[PDB]
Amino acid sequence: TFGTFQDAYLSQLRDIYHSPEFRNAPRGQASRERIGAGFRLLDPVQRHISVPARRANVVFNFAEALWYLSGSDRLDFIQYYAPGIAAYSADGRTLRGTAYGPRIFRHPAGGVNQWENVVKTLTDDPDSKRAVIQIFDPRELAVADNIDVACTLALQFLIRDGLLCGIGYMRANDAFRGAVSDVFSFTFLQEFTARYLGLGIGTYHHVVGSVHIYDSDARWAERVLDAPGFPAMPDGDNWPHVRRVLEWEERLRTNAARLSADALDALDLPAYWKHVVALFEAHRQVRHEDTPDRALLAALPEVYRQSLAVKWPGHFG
């Protein structure tokens, strides 16, 4: 049990690095590995890694979480924030097991919007043990040479003593890279759903079949091992805000618009979501080679400024 994700993350990284249960090479990928490993977080809103050597990218973090909320499988959205993700796209335009959005809101087993059913299940029966969003699908194993099979099995939500608890079940998790964004996204969905339900935040449990560090990540992982609060999302239904943020996300990503510090403050959005749009504008400055905006940076929560300053030190450091 850990207070914040960062303590859990580093503890697990050290466990696998120094006392791996196995060294093997699934699909030819040499790894250190522990089996059946997990942790409990007391404060899931504190979901970020702030160790500078890790260079956690808070823009990618929100982009991935919002890509899920959009229900999209499209590669162009997410590859803008992480170009290497295209290696898991077989068709050059969509992702499969990596795209949790359609698994959540239109799962290929029946076209089901599972988030809606979870919300209704917990409204009719607050004590329910059934409020599960399934991610994995039985047909992913049916064809050989699938380059992108979902590694998350399911996400569960439970209301306990007025608080929404979350549990993520995964068959496998890259403990150095994937875990950072997976825990971010799952606790983001937990918090988003809690706000929608009008509840506080309970614990988050992460449970993983194979948790591993790729040998190709060892040097960076060693660097990380040798080495301010995350803001709370506003109460209530955040779907209207998410829709407006996604409109700005696409306009900024394609460089079809840009937002000054004053334009960002004038957005018709809660402050929390204004900061997310500001992160997309900062990212647009990087990607499309526009002037880094000192005023934008100064108005962000300190957690976000630090992430930006360490990730792109030439722009925001």
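Numbering starts at 1 and follows the sequence shown.
- Gaps at residue 294 occur in at least a third of the other compared entries of the protein that contain both adjacent residues.
- Compared with other PDB entries of the same protein, residue 228 is missing from at least a third of those that resolve the residues around it.
- Unmodelled residues of the deposited sequence between neighbouring positions residue 227 and residue 228 number 4 to 9.
- Mean CA B-factor, 46-54 versus 287-295: the higher value falls on 287-295.
- The PDB entry reports B-factors from which the mean C-alpha value can be compared for 86-94 and 181-189; the larger average falls on 86-94.
- The top Cα temperature factor in the record, among 30, 256, 63, 278, falls on 256.
- In the PDB entry, the Cα temperature factor peaks, among 144, 78, 158, 132, at 144.
- Ranked within its chain, residue 25 lands in the highest third, by CA B factor from the PDB record.
- Ranked within its chain, residue 240 lands in the highest third, by CA B factor from the PDB record.
- When the modelled residues of the chain are ordered by C-alpha B-factor, residue 174 sits in the lowest third.
- Remark: residue 263 belongs to the highest third of its chain, ranked by C-alpha B-factor as recorded.
- Sorting the modelled residues of the chain by their CA temperature factor places residue 232 in the highest third.
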